[PDB]
């Protein structure tokens, strides 16, 4: 029934009827809308089928595009009520996902709520069409995964590795180093970059003051290295 786990609803509550069904994975509840659901709530066998028809959204499976994301959304509380909230495009949460085909990332806008929503809780726009489902949060800030904003994906079956950086340290591939000399010595002695179906690329998120996304080959050679914003919230809880 309820997608909000708290009994007393907070915020601006309006009478909006938004369908959802309730499910469970790994001891945590989640909701679906038809076949649409968060990727992190899917078993591997589910991902292997849902990945073949979905549109590419970070941490969401859906066979049809979601409706457009505007200035506000309604977040489902229960069968008959929803919370009306503004979208915040200034405060962004960094989402990651993998479905066995693509490893996606997104600098997602957020909404702030004192309610405790489960994964997969649907959000609708003014006309009642589903615009997104909830995925991850930090504190009271919930990401809104959609097709706007900075984001991307890597073509690989490997899941993300999520790591933390140290100030002043240097990073290449899977490794970190005290100095450029140590880093360059390592690079020089690696075999040449190679990628194939038995050697899929590994995506890495490095969190910290100067955060990075790295794509590294099975043999240790870098494929890509990117600097992302220190303002992104990368300490996130997948619901």
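Positions refer to the first chain, counted from 1.
Do the C-alpha atoms of 8-16 or of 224-232 have the higher average B factor in the entry?
Here the higher of the two C-alpha B-factor means belongs to 8-16.
Please compare 129-137 with 160-168 and say which has the higher mean C-alpha temperature factor in the record.
Per the PDB entry, the higher value belongs to 160-168.
152, 100, 149, 122, ranked by C-alpha B-factor: the highest one:
Result of the comparison over 152, 100, 149, 122: 149.
Maximum C-alpha temperature factor, selected from 184, 175, 209, 40
That would be 209.
Compare the C-alpha B factor of residue 85 with those of the other modelled residues in its chain, then answer lowest, middle or highest third.
As the PDB entry reports it, the C-alpha B-factor of residue 85 lands in the middle third of its chain.
Would you mind checking where the Cα B-factor of residue 201 ranks among the modelled residues of its chain, as the lowest, middle or highest third?
Middle third - that is where residue 201 ends up once the chain's C-alpha B-factors are sorted.
Sorting by Cα B-factor within the chain, modelled residues only, which third would residue 143 end up in: lowest, middle or highest?
CA B-factor rank for residue 143: lowest third.
B-factor third for the C-alpha atom of residue 72 within its chain:
As the PDB entry reports it, the C-alpha B-factor of residue 72 lands in the highest third of its chain.
Please rank the C-alpha B-factors of the chain's modelled residues and tell me whether residue 50 sits in the lowest, middle or highest third.
For residue 50, whose C-alpha B-factor we compare with every modelled residue in the chain, the answer is the middle third.
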